[PDB]
Structure formats: C-alpha cells, structure tokens
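**Q**
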Amino acid sequence: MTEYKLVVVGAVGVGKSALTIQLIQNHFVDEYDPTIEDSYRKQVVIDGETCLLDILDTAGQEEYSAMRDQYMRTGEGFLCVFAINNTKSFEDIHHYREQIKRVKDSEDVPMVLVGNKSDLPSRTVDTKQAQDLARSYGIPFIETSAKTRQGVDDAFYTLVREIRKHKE
Ligand SMILES: CNCc1cnn(-c2ccccc2)c1
Numbered sequence: 001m002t003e004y005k006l007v008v009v010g011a012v013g014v015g016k017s018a019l020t021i022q023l024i025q026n027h028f029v030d031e032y033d034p035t036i037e038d039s040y041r042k043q044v045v046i047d048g049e050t051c052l053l054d055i056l057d058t059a060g061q062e063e064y065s066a067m068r069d070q071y072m073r074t075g076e077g078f079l080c081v082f083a084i085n086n087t088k089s090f091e092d093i094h095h096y097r098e099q100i101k102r103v104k105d106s107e108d109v110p111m112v113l114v115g116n117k118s119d120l121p122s123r124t125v126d127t128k129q130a131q132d133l134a135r136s137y138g139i140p141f142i143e144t145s146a147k148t149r150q151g152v153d154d155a156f157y158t159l160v161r162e163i164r165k166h167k168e
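With the deposited numbering as the guide, the letters of the sequence shown map in order to residues 1 to 168.
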C-alpha cells in the first residue's frame, strides 16, 4: 500500500487542523489550537482503492521557514487551503505557488485549491475570483465548509484522483 505524503499548509485564520479532525473522528473543533508538529495517518478508501493518507499539519506563522522548506521537498501533495473570510490568505496562495515550484522544479505538480470558512456571512473573497483563479492555475477548486461539513470528503477524493492522474 502506497503512503501518500501530504502537507497541509496555510495561514492563521483558516483552521487547518479543523479539517483533519473531521477526517479522523469527524469532530468540528471551534477553538484555535496552534499545532507545532503532528502527523495523522489513516486508511482511506479512495474509489475502492485503500490508500494510506499521511497528512502533516504546519504552522500558520512563517517562523520556521527553514523547517517549512525541509518537508516541502518530501511533501507530494500540497493543500492550498485559504479562507473566503480572509482576503490575505487568498493573496498568500500566489506566494506559496511560487515557493512550491522553487523546491519542486516543475511546471506541473499535484496541488489542490480549497476554500474554507465558506459558512461565514462575512465573505471578503468572491467565489468567481476563486474559480477564475483556479482556472488560471489549472487546478480543481473545492468549496470546503467545516461547519456544515460540505466539500470535505470530496476534497480528499479529488486530491488523490489528481495525484494518480499526474502519476500515471
Ligand atoms: C520530515 N521528517 C520525516 C517525515 C515524516 N513525515 N513526513 C512527511 C509526512 C507527510 C508529508 C510530508 C512529509 C516527513
């Protein structure tokens, strides 16, 4: 069984670990607990194919820039999670995109664009802009909602699907 080494990168205000816990024990945590180092492995059946999902959560602060670069090489799938309530994370995606290519040296790399906090009425990021931007990058965009649990499971499925596509 192949282990999929994925890294959940994001800024402060998106709630990265919130999605992970939903996949593990299906619990939506409201509190913001700053993670330092944790890896969650689980056996997920992707379209009938059981795969080992190794997802590591990162820090929202750019304090460990060197540490970020370290596992930026090992990370196969990059989760571009931004928040529609935080326009800053939207612009940060451009920075991460370039940084990823800077350590991968490839015009094509398994990546996914997902927007979280889509349950908040305070929308600062336009859905069209997010969709159009996704087309500009050429990656699938999944609307994720941690509160109503929408675009969560399907996001993981599409993720692995793209990885398999790029692979073979
Ligand atoms: C960096 N120390 C070894 C190690 C363990 N795990 N991963 C890892 C897991 C998922 C995605 C990317 C990397 C790296």
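All residues carry an ideal CB built from backbone N, CA and C; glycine is no exception.
Just to confirm, does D108 get its C-beta within under 8 Å of one of the non-hydrogen atoms of ligand 1?
**A** No, since every heavy atom of ligand 1 falls outside the 8 Å radius drawn around the Cβ of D108.
**Q** For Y32, does the three-state DSSP call read helix, strand or coil?
**A** Of the three classes helix, strand and coil, the one that applies to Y32 here is coil, per DSSP.
**Q** Exposed or buried, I36, counting other C-beta atoms within 10 Å across all chains shown (16 or more means buried)?
**A** Classification of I36: exposed, given that the 10 Å Cβ count is below 16.
**Q** Should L159 be labelled buried (16 or more other beta-carbon atoms within 10 Å of its own) or exposed?
**A** It counts as buried.
**Q** Within the structure, which residues are defined as neighbours of ligand 1 by a Cβ-heavy atom distance below 5 Å, reported in chain order?
**A** Matched residues: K5, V7, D54, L56, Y71, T74 and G75.
**Q** Suppose you measure from the CA of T2 to the CA of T20; what does that come to, to the nearest Å?
**A** Approximately 20 Å between the Cα atoms of the pair.
**Q** Determine the DSSP secondary structure at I21, reduced to helix, strand or coil.
**A** DSSP places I21 in helix when its eight states are reduced to three.
**Q** Cα-Cα, which of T50, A59, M67 and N85 is closest to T144?
**A** Measuring from the Cα of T144, the nearest candidate turns out to be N85.
**Q** Among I55, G60, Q131 and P121, which has the Cα closest to the Cα of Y96?
**A** Comparing Cα positions, the closest option is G60.
**Q** From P121 to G13, what distance separates their C-alpha atoms?
**A** If I take the Cα positions, the gap works out to 15 Å.
**Q** May I ask which residues mark the beginning and end of the alpha helix (DSSP H) holding residue 223?
**A** Look at the range of the chain in this structure, 1 to 168, and you will see that residue 223 is not part of it.
**Q** To the nearest angstrom, how far is it from the Cα of residue 169 to the Cα of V109?
**A** Given a span of 1 to 168 for the chain in the structure shown, any question on residue 169 remains unanswerable.
**Q** Quick check on the DSSP output: the alpha helix (DSSP H) that includes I100 runs from which residue to which?
**A** Where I100 is concerned, the enclosing alpha helix (DSSP H) stretches over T87 to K104.
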